[PDB]
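Engineer: Need a 3D model of the following:
(chains A and B)
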Amino acid sequence: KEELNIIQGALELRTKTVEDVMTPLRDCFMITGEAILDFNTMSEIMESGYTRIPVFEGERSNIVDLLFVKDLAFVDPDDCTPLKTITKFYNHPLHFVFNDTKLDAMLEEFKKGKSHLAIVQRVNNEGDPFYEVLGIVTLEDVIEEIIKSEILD
Amino acid sequence: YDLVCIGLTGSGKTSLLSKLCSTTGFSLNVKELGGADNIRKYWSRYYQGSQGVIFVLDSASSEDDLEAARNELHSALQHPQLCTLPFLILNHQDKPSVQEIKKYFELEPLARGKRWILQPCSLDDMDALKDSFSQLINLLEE
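Structural biologist: Numbering: from 1, shown residues only, chains lettered A, B, ... in the order given. There you are, the coordinates:
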């Protein structure tokens, strides 16, 4: 009956990890540090719909800053302001979470409301082991998973 | 207890930490991160699973280095993984101005109402460091 759907959803959530629901790096919309916030780039940014865009330097796995769409409401597209100005001025925090982190803990990290996007990194391994960037995860993703489980209502 | 230490002079700070045990990466489980300019941007890759921070700043350093220390402390203060945690702010054994640090770091207005402690410490003063760490552990117990 209904309790069956409840238990199934709870099991699906408990088993699910952030790695399962994250968007892998190949699908993530990003932007390089060398970019300039001219008229064309703002069209490309405003069309993707993402509110927060990771900003990398050199490689897509080397994330150095975050870009907020609300920060692009006051900019004029003719001055051709470089991205470095906005990034260095705002300097938003960068959230890093491991791939093995579970839905509940990662969800607890968002509860403060100080952040909405984290970067999923893996403990990779010869050669000296390192952190490997897999993708990005958002509060929206975990909430979409929870409502997709149809537990509530 | 997992703690993180970030500060200028990353090898200098790891030497100050080695003085307690009788760098440029992952090192009471205190992980000391490097203080080089390039590694400061990648600092945030290690903050997960921390219960407190030990921020070290060279008060005797040049004005620009002090500016970098103030900016780094401000970035650490508002990080979601570190904002809810208590962390202690500590420099050299002998120095040629805690009030100046409070006024210029703007830690009175912003750093208000949370379990944060700015305490003096010197490499030649072991007992003062012990008392500062005792206060930090007392905050960690909350």
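
Engineer: interface residues of chain B facing chain A?
Structural biologist: B:41, B:44-48, B:75, B:78-81, B:83-84 (CB under 8 Å from any CB of the partner chain). C-beta: built from backbone N, CA, C; applies to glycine.

Engineer: ok, now which ones touch residue A:100?
Structural biologist: The contact partners of residue A:100, taken as CB atoms under 8 Å, 6 or more residues apart in numbering or on different chains, are A:17, A:19.

Engineer: what does the one 10 residues further on give?
Structural biologist: Under the criterion of CB under 8 Å, 6+ apart, the contact list for residue A:110 reads A:116, A:139, A:142, B:80.

Engineer: Just read off the phi/psi values of the third one.
Structural biologist: Right, residue A:142. Phi and psi for residue A:142, reported as degrees, to the nearest 10, are phi -70, psi -40.

Engineer: The residue sitting furthest away from the middle of chain B: what secondary structure?
Structural biologist: In chain B, residue B:96 marks the outermost C-alpha relative to the chain mean, sitting 20.9 Å out by CA atoms, centre = their mean. Judged by DSSP: H, G, I helix; E, B strand; the rest coil, the three-state class of residue B:96 is coil.

Engineer: same deal with residue A:62?
Structural biologist: strand.

Engineer: Number of residues surrounding it?
Structural biologist: Per other CB atoms under 10 Å in any protein chain shown, the neighbour tally for residue A:62 reads 12.

Engineer: For chain B, see how far away the residue lying closest to it once chain neighbours are set aside is.
Structural biologist: If the residues on either side of it in the chain are set aside, residue A:62 comes closest to residue A:56, at 5.3 Å by CB to CB, 6 or more residues apart in numbering or on different chains. Residue A:56 sits at a distance of 11 Å from chain B (criterion: CB to the nearest CB, to the nearest Å).

Engineer: what pairs with residue A:56 across the strands?
Structural biologist: Per DSSP bridges, residues listed as beta-bridge partners of residue A:56: residue A:32, residue A:63.

Engineer: State the phi and psi torsions of residue 110.
Structural biologist: Going with chain A. According to degrees, to the nearest 10, residue A:110 has phi -80, psi -10.

Engineer: nope, chain B please
Structural biologist: Backbone torsions for residue B:110, taken as degrees, to the nearest 10, come to phi -80, psi -50.

Engineer: excluding its backbone neighbours, what's nearest it?
Structural biologist: Using CB to CB, 6+ apart, the nearest residue to residue B:110 is residue B:77, at 6.9 Å.

Engineer: longest helix in chain A, by residue count?
Structural biologist: The residue-count maximum for a helix in chain A (DSSP state H) belongs to helix A:2-15.

Engineer: is chain B contacted by the helix or strand following that helix?
Structural biologist: Using DSSP states H and E, the helix or strand that follows helix A:2-15 in sequence is helix A:18-21. No. Applying CB under 8 Å from any CB, one finds helix A:18-21 separated from chain B by no less than 11.7 Å.

Engineer: Same question for helix A:18-21: list its buried residues.
Structural biologist: Using 16 or more other CB atoms under 10 Å in any protein chain shown as the test for burial, helix A:18-21 gives A:18, A:19, A:21.
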